[PDB]
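Engineer: Pasting entry24.pdb here (PDB, N, CA and C atoms):
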```
MODEL        1
ATOM      1  N   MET A  21      16.195 -22.875 -29.005
ATOM      2  CA  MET A  21      16.794 -21.568 -28.802
ATOM      3  C   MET A  21      16.526 -21.055 -27.385
ATOM      4  N   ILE A  22      17.391 -20.156 -26.941
ATOM      5  CA  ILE A  22      17.259 -19.582 -25.613
ATOM      6  C   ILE A  22      16.074 -18.616 -25.595
ATOM      7  N   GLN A  23      15.379 -18.602 -24.466
ATOM      8  CA  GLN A  23      14.226 -17.731 -24.308
ATOM      9  C   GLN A  23      14.673 -16.332 -23.880
ATOM     10  N   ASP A  24      14.731 -15.440 -24.857
ATOM     11  CA  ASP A  24      15.138 -14.069 -24.597
ATOM     12  C   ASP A  24      13.904 -13.164 -24.606
ATOM     13  N   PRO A  25      13.940 -12.135 -23.718
ATOM     14  CA  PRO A  25      12.837 -11.195 -23.617
ATOM     15  C   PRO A  25      12.835 -10.223 -24.798
ATOM     16  N   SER A  26      12.135 -10.621 -25.850
ATOM     17  CA  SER A  26      12.046  -9.798 -27.044
ATOM     18  C   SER A  26      11.053  -8.655 -26.818
ATOM     19  N   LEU A  27      10.128  -8.889 -25.896
ATOM     20  CA  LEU A  27       9.121  -7.892 -25.576
ATOM     21  C   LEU A  27       9.315  -7.423 -24.134
ATOM     22  N   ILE A  28       9.092  -6.134 -23.930
ATOM     23  CA  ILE A  28       9.237  -5.548 -22.608
ATOM     24  C   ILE A  28       7.885  -5.008 -22.140
ATOM     25  N   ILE A  29       7.520  -5.387 -20.924
ATOM     26  CA  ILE A  29       6.259  -4.949 -20.352
ATOM     27  C   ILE A  29       6.413  -3.526 -19.813
ATOM     28  N   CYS A  30       5.361  -2.741 -19.991
ATOM     29  CA  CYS A  30       5.369  -1.364 -19.530
ATOM     30  C   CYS A  30       4.258  -1.200 -18.490
ATOM     31  N   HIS A  31       4.310  -0.080 -17.785
ATOM     32  CA  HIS A  31       3.319   0.208 -16.762
ATOM     33  C   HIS A  31       1.944   0.367 -17.411
ATOM     34  N   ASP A  32       0.953   0.624 -16.570
ATOM     35  CA  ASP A  32      -0.409   0.799 -17.045
ATOM     36  C   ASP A  32      -0.487   2.067 -17.897
ATOM     37  N   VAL A  33      -0.856   1.876 -19.156
ATOM     38  CA  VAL A  33      -0.975   2.993 -20.078
ATOM     39  C   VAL A  33      -2.322   3.684 -19.865
ATOM     40  N   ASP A  34      -2.265   5.004 -19.771
ATOM     41  CA  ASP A  34      -3.469   5.793 -19.566
ATOM     42  C   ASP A  34      -4.505   5.414 -20.625
ATOM     43  N   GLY A  35      -5.722   5.175 -20.157
ATOM     44  CA  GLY A  35      -6.807   4.803 -21.049
ATOM     45  C   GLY A  35      -6.994   3.284 -21.083
ATOM     46  N   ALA A  36      -7.263   2.728 -19.912
ATOM     47  CA  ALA A  36      -7.464   1.293 -19.795
ATOM     48  C   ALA A  36      -8.641   1.023 -18.857
ATOM     49  N   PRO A  37      -9.169  -0.228 -18.942
ATOM     50  CA  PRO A  37     -10.292  -0.626 -18.108
ATOM     51  C   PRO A  37      -9.844  -0.874 -16.667
ATOM     52  N   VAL A  38      -8.856  -1.748 -16.531
ATOM     53  CA  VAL A  38      -8.330  -2.084 -15.219
ATOM     54  C   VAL A  38      -6.801  -2.030 -15.260
ATOM     55  N   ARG A  39      -6.200  -2.268 -14.103
ATOM     56  CA  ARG A  39      -4.753  -2.248 -13.992
ATOM     57  C   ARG A  39      -4.206  -3.676 -13.922
ATOM     58  N   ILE A  40      -2.972  -3.827 -14.380
ATOM     59  CA  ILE A  40      -2.326  -5.129 -14.373
ATOM     60  C   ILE A  40      -2.161  -5.605 -12.930
ATOM     61  N   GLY A  41      -2.425  -6.888 -12.730
ATOM     62  CA  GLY A  41      -2.311  -7.479 -11.408
ATOM     63  C   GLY A  41      -3.541  -7.161 -10.558
ATOM     64  N   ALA A  42      -4.520  -6.541 -11.199
ATOM     65  CA  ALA A  42      -5.750  -6.176 -10.516
ATOM     66  C   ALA A  42      -6.712  -7.367 -10.536
ATOM     67  N   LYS A  43      -7.349  -7.592  -9.397
ATOM     68  CA  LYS A  43      -8.292  -8.688  -9.271
ATOM     69  C   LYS A  43      -9.705  -8.173  -9.550
ATOM     70  N   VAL A  44     -10.321  -8.753 -10.571
ATOM     71  CA  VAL A  44     -11.668  -8.363 -10.952
ATOM     72  C   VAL A  44     -12.631  -9.514 -10.656
ATOM     73  N   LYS A  45     -13.914  -9.225 -10.803
ATOM     74  CA  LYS A  45     -14.942 -10.223 -10.555
ATOM     75  C   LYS A  45     -15.755 -10.439 -11.832
ATOM     76  N   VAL A  46     -15.759 -11.682 -12.289
ATOM     77  CA  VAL A  46     -16.492 -12.033 -13.495
ATOM     78  C   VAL A  46     -17.989 -11.863 -13.244
ATOM     79  N   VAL A  47     -18.571 -10.908 -13.955
ATOM     80  CA  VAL A  47     -19.992 -10.633 -13.819
ATOM     81  C   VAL A  47     -20.787 -11.888 -14.187
ATOM     82  N   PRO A  48     -21.874 -12.130 -13.407
ATOM     83  CA  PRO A  48     -22.722 -13.285 -13.642
ATOM     84  C   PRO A  48     -23.608 -13.077 -14.871
ATOM     85  N   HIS A  49     -24.269 -11.929 -14.895
ATOM     86  CA  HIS A  49     -25.149 -11.596 -16.004
ATOM     87  C   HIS A  49     -24.314 -11.176 -17.213
ATOM     88  N   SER A  50     -24.857 -11.450 -18.391
ATOM     89  CA  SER A  50     -24.174 -11.107 -19.627
ATOM     90  C   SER A  50     -24.627  -9.728 -20.111
ATOM     91  N   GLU A  51     -23.673  -8.979 -20.643
ATOM     92  CA  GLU A  51     -23.959  -7.646 -21.146
ATOM     93  C   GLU A  51     -24.017  -7.656 -22.673
ATOM     94  N   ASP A  52     -23.084  -8.387 -23.265
ATOM     95  CA  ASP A  52     -23.020  -8.488 -24.714
ATOM     96  C   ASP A  52     -23.860  -9.679 -25.176
ATOM     97  N   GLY A  53     -23.484 -10.853 -24.687
ATOM     98  CA  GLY A  53     -24.193 -12.071 -25.038
ATOM     99  C   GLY A  53     -23.391 -13.309 -24.632
ATOM    100  N   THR A  54     -22.088 -13.233 -24.863
ATOM    101  CA  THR A  54     -21.202 -14.334 -24.527
ATOM    102  C   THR A  54     -20.713 -14.204 -23.084
ATOM    103  N   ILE A  55     -20.796 -15.311 -22.360
ATOM    104  CA  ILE A  55     -20.365 -15.333 -20.973
ATOM    105  C   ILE A  55     -19.910 -16.747 -20.607
ATOM    106  N   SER A  56     -19.175 -16.831 -19.508
ATOM    107  CA  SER A  56     -18.674 -18.111 -19.040
ATOM    108  C   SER A  56     -19.485 -18.582 -17.832
ATOM    109  N   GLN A  57     -20.139 -19.721 -18.005
ATOM    110  CA  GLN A  57     -20.950 -20.288 -16.941
ATOM    111  C   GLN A  57     -20.056 -20.852 -15.834
ATOM    112  N   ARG A  58     -18.868 -21.279 -16.239
ATOM    113  CA  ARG A  58     -17.915 -21.838 -15.295
ATOM    114  C   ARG A  58     -17.390 -20.748 -14.359
ATOM    115  N   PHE A  59     -16.968 -19.647 -14.964
ATOM    116  CA  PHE A  59     -16.446 -18.527 -14.199
ATOM    117  C   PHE A  59     -17.579 -17.710 -13.578
ATOM    118  N   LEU A  60     -18.766 -17.879 -14.144
ATOM    119  CA  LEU A  60     -19.935 -17.166 -13.657
ATOM    120  C   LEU A  60     -20.040 -17.339 -12.141
ATOM    121  N   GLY A  61     -19.465 -16.383 -11.427
ATOM    122  CA  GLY A  61     -19.482 -16.419  -9.974
ATOM    123  C   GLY A  61     -18.095 -16.740  -9.416
ATOM    124  N   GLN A  62     -17.090 -16.143 -10.039
ATOM    125  CA  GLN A  62     -15.714 -16.355  -9.617
ATOM    126  C   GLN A  62     -14.973 -15.020  -9.535
ATOM    127  N   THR A  63     -13.690 -15.112  -9.210
ATOM    128  CA  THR A  63     -12.862 -13.924  -9.097
ATOM    129  C   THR A  63     -11.414 -14.247  -9.469
ATOM    130  N   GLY A  64     -10.964 -13.629 -10.552
ATOM    131  CA  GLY A  64      -9.606 -13.841 -11.025
ATOM    132  C   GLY A  64      -8.880 -12.510 -11.224
ATOM    133  N   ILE A  65      -7.661 -12.607 -11.731
ATOM    134  CA  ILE A  65      -6.854 -11.423 -11.972
ATOM    135  C   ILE A  65      -6.646 -11.252 -13.479
ATOM    136  N   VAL A  66      -6.493  -9.999 -13.884
ATOM    137  CA  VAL A  66      -6.287  -9.686 -15.288
ATOM    138  C   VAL A  66      -4.837  -9.994 -15.667
ATOM    139  N   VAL A  67      -4.679 -11.032 -16.475
ATOM    140  CA  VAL A  67      -3.355 -11.439 -16.917
ATOM    141  C   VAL A  67      -2.883 -10.499 -18.029
ATOM    142  N   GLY A  68      -3.834 -10.080 -18.850
ATOM    143  CA  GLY A  68      -3.529  -9.183 -19.951
ATOM    144  C   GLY A  68      -4.493  -7.996 -19.976
ATOM    145  N   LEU A  69      -3.966  -6.852 -20.390
ATOM    146  CA  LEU A  69      -4.765  -5.643 -20.463
ATOM    147  C   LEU A  69      -4.967  -5.259 -21.930
ATOM    148  N   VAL A  70      -6.070  -4.568 -22.181
ATOM    149  CA  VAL A  70      -6.390  -4.137 -23.533
ATOM    150  C   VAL A  70      -5.629  -2.845 -23.843
ATOM    151  N   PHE A  71      -4.589  -2.989 -24.650
ATOM    152  CA  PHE A  71      -3.775  -1.849 -25.033
ATOM    153  C   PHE A  71      -3.488  -1.858 -26.536
ATOM    154  N   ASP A  72      -2.949  -0.743 -27.009
ATOM    155  CA  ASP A  72      -2.621  -0.612 -28.418
ATOM    156  C   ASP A  72      -1.976  -1.909 -28.912
ATOM    157  N   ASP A  73      -2.749  -2.660 -29.683
ATOM    158  CA  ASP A  73      -2.267  -3.921 -30.223
ATOM    159  C   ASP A  73      -1.302  -3.641 -31.375
ATOM    160  N   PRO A  74      -0.013  -4.014 -31.150
ATOM    161  CA  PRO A  74       1.013  -3.809 -32.159
ATOM    162  C   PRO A  74       0.878  -4.828 -33.291
ATOM    163  N   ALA A  75       1.946  -4.945 -34.067
ATOM    164  CA  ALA A  75       1.961  -5.875 -35.185
ATOM    165  C   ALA A  75       2.236  -7.287 -34.665
ATOM    166  N   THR A  76       2.470  -7.368 -33.362
ATOM    167  CA  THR A  76       2.745  -8.647 -32.729
ATOM    168  C   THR A  76       1.809  -8.864 -31.538
ATOM    169  N   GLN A  77       0.807  -8.001 -31.448
ATOM    170  CA  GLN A  77      -0.160  -8.087 -30.368
ATOM    171  C   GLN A  77       0.540  -7.941 -29.016
ATOM    172  N   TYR A  78      -0.190  -7.372 -28.067
ATOM    173  CA  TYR A  78       0.347  -7.167 -26.732
ATOM    174  C   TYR A  78      -0.770  -6.870 -25.730
ATOM    175  N   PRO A  79      -0.490  -7.200 -24.441
ATOM    176  CA  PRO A  79       0.787  -7.792 -24.080
ATOM    177  C   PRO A  79       0.853  -9.259 -24.508
ATOM    178  N   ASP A  80      -0.099 -10.031 -24.004
ATOM    179  CA  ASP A  80      -0.160 -11.449 -24.323
ATOM    180  C   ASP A  80      -1.442 -11.734 -25.106
ATOM    181  N   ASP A  81      -2.450 -10.912 -24.852
ATOM    182  CA  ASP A  81      -3.730 -11.066 -25.525
ATOM    183  C   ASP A  81      -4.191  -9.704 -26.049
ATOM    184  N   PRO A  82      -5.122  -9.754 -27.038
ATOM    185  CA  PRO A  82      -5.653  -8.539 -27.630
ATOM    186  C   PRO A  82      -6.643  -7.855 -26.684
ATOM    187  N   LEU A  83      -7.306  -8.672 -25.882
ATOM    188  CA  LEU A  83      -8.280  -8.162 -24.932
ATOM    189  C   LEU A  83      -7.896  -8.614 -23.521
ATOM    190  N   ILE A  84      -8.665  -8.141 -22.552
ATOM    191  CA  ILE A  84      -8.418  -8.489 -21.163
ATOM    192  C   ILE A  84      -8.884  -9.924 -20.911
ATOM    193  N   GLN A  85      -8.146 -10.609 -20.051
ATOM    194  CA  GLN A  85      -8.471 -11.985 -19.713
ATOM    195  C   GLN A  85      -8.336 -12.209 -18.207
ATOM    196  N   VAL A  86      -9.337 -12.872 -17.647
ATOM    197  CA  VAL A  86      -9.345 -13.158 -16.223
ATOM    198  C   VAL A  86      -9.026 -14.637 -16.001
ATOM    199  N   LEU A  87      -8.120 -14.881 -15.065
ATOM    200  CA  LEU A  87      -7.719 -16.242 -14.747
ATOM    201  C   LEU A  87      -8.082 -16.550 -13.293
ATOM    202  N   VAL A  88      -8.924 -17.560 -13.129
ATOM    203  CA  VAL A  88      -9.357 -17.964 -11.803
ATOM    204  C   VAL A  88      -8.288 -18.858 -11.171
ATOM    205  N   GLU A  89      -8.246 -18.833  -9.847
ATOM    206  CA  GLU A  89      -7.280 -19.632  -9.113
ATOM    207  C   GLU A  89      -7.645 -21.116  -9.198
ATOM    208  N   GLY A  90      -6.751 -21.878  -9.809
ATOM    209  CA  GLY A  90      -6.965 -23.307  -9.964
ATOM    210  C   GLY A  90      -7.849 -23.602 -11.176
ATOM    211  N   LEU A  91      -8.404 -22.537 -11.736
ATOM    212  CA  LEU A  91      -9.267 -22.667 -12.898
ATOM    213  C   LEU A  91      -8.493 -22.259 -14.153
ATOM    214  N   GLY A  92      -9.234 -22.089 -15.237
ATOM    215  CA  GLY A  92      -8.631 -21.701 -16.501
ATOM    216  C   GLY A  92      -8.675 -20.182 -16.686
ATOM    217  N   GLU A  93      -8.546 -19.767 -17.939
ATOM    218  CA  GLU A  93      -8.569 -18.350 -18.262
ATOM    219  C   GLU A  93      -9.456 -18.101 -19.484
ATOM    220  N   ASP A  94     -10.238 -17.035 -19.400
ATOM    221  CA  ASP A  94     -11.135 -16.676 -20.486
ATOM    222  C   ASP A  94     -10.989 -15.183 -20.788
ATOM    223  N   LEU A  95     -11.522 -14.790 -21.934
ATOM    224  CA  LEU A  95     -11.459 -13.400 -22.352
ATOM    225  C   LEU A  95     -12.813 -12.733 -22.099
ATOM    226  N   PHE A  96     -12.769 -11.644 -21.345
ATOM    227  CA  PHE A  96     -13.979 -10.909 -21.023
ATOM    228  C   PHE A  96     -13.889  -9.461 -21.513
ATOM    229  N   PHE A  97     -15.034  -8.797 -21.513
ATOM    230  CA  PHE A  97     -15.097  -7.415 -21.953
ATOM    231  C   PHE A  97     -14.991  -6.455 -20.766
ATOM    232  N   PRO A  98     -14.577  -5.199 -21.080
ATOM    233  CA  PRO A  98     -14.430  -4.181 -20.052
ATOM    234  C   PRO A  98     -15.793  -3.657 -19.599
ATOM    235  N   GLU A  99     -16.803  -3.956 -20.404
ATOM    236  CA  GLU A  99     -18.157  -3.522 -20.099
ATOM    237  C   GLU A  99     -18.947  -4.662 -19.457
ATOM    238  N   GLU A 100     -18.315  -5.827 -19.410
ATOM    239  CA  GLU A 100     -18.947  -6.998 -18.826
ATOM    240  C   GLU A 100     -18.685  -7.045 -17.319
ATOM    241  N   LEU A 101     -17.418  -7.222 -16.975
ATOM    242  CA  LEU A 101     -17.024  -7.287 -15.578
ATOM    243  C   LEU A 101     -16.520  -5.915 -15.131
ATOM    244  N   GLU A 102     -16.450  -5.743 -13.818
ATOM    245  CA  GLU A 102     -15.988  -4.488 -13.251
ATOM    246  C   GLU A 102     -14.854  -4.741 -12.254
ATOM    247  N   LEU A 103     -14.199  -3.658 -11.864
ATOM    248  CA  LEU A 103     -13.097  -3.750 -10.921
ATOM    249  C   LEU A 103     -13.655  -3.931  -9.510
ATOM    250  N   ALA A 104     -13.268  -5.039  -8.892
ATOM    251  CA  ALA A 104     -13.721  -5.343  -7.545
ATOM    252  C   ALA A 104     -13.440  -4.144  -6.637
ATOM    253  N   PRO A 105     -14.300  -4.003  -5.591
ATOM    254  CA  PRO A 105     -14.154  -2.909  -4.646
ATOM    255  C   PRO A 105     -12.983  -3.158  -3.694
ATOM    256  N   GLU A 106     -13.029  -4.308  -3.038
ATOM    257  CA  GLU A 106     -11.981  -4.678  -2.101
ATOM    258  C   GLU A 106     -10.605  -4.495  -2.743
TER
ENDMDL
END
```
Take the structure in the file and write it out as structure tokens.

Structural biologist:
Amino acid sequence: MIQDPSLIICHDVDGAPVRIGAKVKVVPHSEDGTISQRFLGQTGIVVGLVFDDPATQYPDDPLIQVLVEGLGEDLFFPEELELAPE
């Protein structure tokens, strides 16, 4: 079947950790308990933001996920990593 845009992306909804297309830095130290040793010391962009999860989840993930350049993508917490200054 043809790939039709069944879902439409919206701007940053008030009440979020970071903004879409924003580059964050994966914190080295763990705040909750789970952390990525691979990303531990990297910098990626938030592919998905934590927003009202519909009956079909959105946008692409339920939580925020950082994707490193040339690396993979993992799911991190808003209390784990912070928004880079630069």

Engineer: Residues picked by the PyMOL selection byres ((chain A and resi 69-81) around 7) here, as a PDB file with N, CA and C atoms, in the coordinates of the input?

Structural biologist:
```pdb
ATOM      1  N   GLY A  35      -5.722   5.175 -20.157  1.00  0.00           N
ATOM      2  CA  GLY A  35      -6.807   4.803 -21.049  1.00  0.00           C
ATOM      3  C   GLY A  35      -6.994   3.284 -21.083  1.00  0.00           C
ATOM      4  N   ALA A  36      -7.263   2.728 -19.912  1.00  0.00           N
ATOM      5  CA  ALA A  36      -7.464   1.293 -19.795  1.00  0.00           C
ATOM      6  C   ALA A  36      -8.641   1.023 -18.857  1.00  0.00           C
ATOM      7  N   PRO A  37      -9.169  -0.228 -18.942  1.00  0.00           N
ATOM      8  CA  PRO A  37     -10.292  -0.626 -18.108  1.00  0.00           C
ATOM      9  C   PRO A  37      -9.844  -0.874 -16.667  1.00  0.00           C
ATOM     10  N   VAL A  38      -8.856  -1.748 -16.531  1.00  0.00           N
ATOM     11  CA  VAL A  38      -8.330  -2.084 -15.219  1.00  0.00           C
ATOM     12  C   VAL A  38      -6.801  -2.030 -15.260  1.00  0.00           C
ATOM     13  N   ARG A  39      -6.200  -2.268 -14.103  1.00  0.00           N
ATOM     14  CA  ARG A  39      -4.753  -2.248 -13.992  1.00  0.00           C
ATOM     15  C   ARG A  39      -4.206  -3.676 -13.922  1.00  0.00           C
ATOM     16  N   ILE A  40      -2.972  -3.827 -14.380  1.00  0.00           N
ATOM     17  CA  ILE A  40      -2.326  -5.129 -14.373  1.00  0.00           C
ATOM     18  C   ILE A  40      -2.161  -5.605 -12.930  1.00  0.00           C
ATOM     19  N   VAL A  66      -6.493  -9.999 -13.884  1.00  0.00           N
ATOM     20  CA  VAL A  66      -6.287  -9.686 -15.288  1.00  0.00           C
ATOM     21  C   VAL A  66      -4.837  -9.994 -15.667  1.00  0.00           C
ATOM     22  N   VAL A  67      -4.679 -11.032 -16.475  1.00  0.00           N
ATOM     23  CA  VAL A  67      -3.355 -11.439 -16.917  1.00  0.00           C
ATOM     24  C   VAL A  67      -2.883 -10.499 -18.029  1.00  0.00           C
ATOM     25  N   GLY A  68      -3.834 -10.080 -18.850  1.00  0.00           N
ATOM     26  CA  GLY A  68      -3.529  -9.183 -19.951  1.00  0.00           C
ATOM     27  C   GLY A  68      -4.493  -7.996 -19.976  1.00  0.00           C
ATOM     28  N   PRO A  82      -5.122  -9.754 -27.038  1.00  0.00           N
ATOM     29  CA  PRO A  82      -5.653  -8.539 -27.630  1.00  0.00           C
ATOM     30  C   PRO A  82      -6.643  -7.855 -26.684  1.00  0.00           C
ATOM     31  N   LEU A  83      -7.306  -8.672 -25.882  1.00  0.00           N
ATOM     32  CA  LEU A  83      -8.280  -8.162 -24.932  1.00  0.00           C
ATOM     33  C   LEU A  83      -7.896  -8.614 -23.521  1.00  0.00           C
ATOM     34  N   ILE A  84      -8.665  -8.141 -22.552  1.00  0.00           N
ATOM     35  CA  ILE A  84      -8.418  -8.489 -21.163  1.00  0.00           C
ATOM     36  C   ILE A  84      -8.884  -9.924 -20.911  1.00  0.00           C
ATOM     37  N   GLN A  85      -8.146 -10.609 -20.051  1.00  0.00           N
ATOM     38  CA  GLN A  85      -8.471 -11.985 -19.713  1.00  0.00           C
ATOM     39  C   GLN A  85      -8.336 -12.209 -18.207  1.00  0.00           C
TER      40      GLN A  85
END
```

Engineer: How many Å separate CA of residue 64 in chain A from atom N of residue 50 in chain A?

Structural biologist: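 It comes out at 17.1 Å.
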
Engineer: Evaluate the PyMOL selection byres ((chain A and resi 59) around 8) and record the selected residues as an NGL selection string, following the chain and residue labels used in the document.

Structural biologist: :A and (45-48 or 55-58 or 60-63 or 88)

Engineer: Hey, what does DSSP flag as strand (DSSP E or B) within chain A? Can you give it to me as a list in words?

Structural biologist: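 So the strand (DSSP E or B) residues in chain A would be residues 43, 44, 45, 63, 64, 65, 66, 67, 68, 85, 86, 87, 88, 93, 94, 95, 102 and 103 of chain A.
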
Engineer: Using CA of residue 105 in chain A and CA of residue 86 in chain A as the two end points, give the distance in Å to one decimal.

Structural biologist: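 Between CA of residue 105 in chain A and CA of residue 86 in chain A the gap works out to 16.2 Å.
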
Engineer: To one decimal place, how far is atom N of residue 65 in chain A from atom C of residue 34 in chain A in Å?

Structural biologist: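 The value is 20.3 Å.
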
Engineer: I need the residue nearest residue 104 in chain A from this list: A:26, A:44, A:31, A:90. Use only C-alpha atoms for the distance.

Structural biologist: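 Nearest to residue 104 in chain A: A:44.
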
Engineer: Closest to residue 89 in chain A among A:54, A:43, A:33, A:21, using only C-alpha atoms?

Structural biologist: A:43
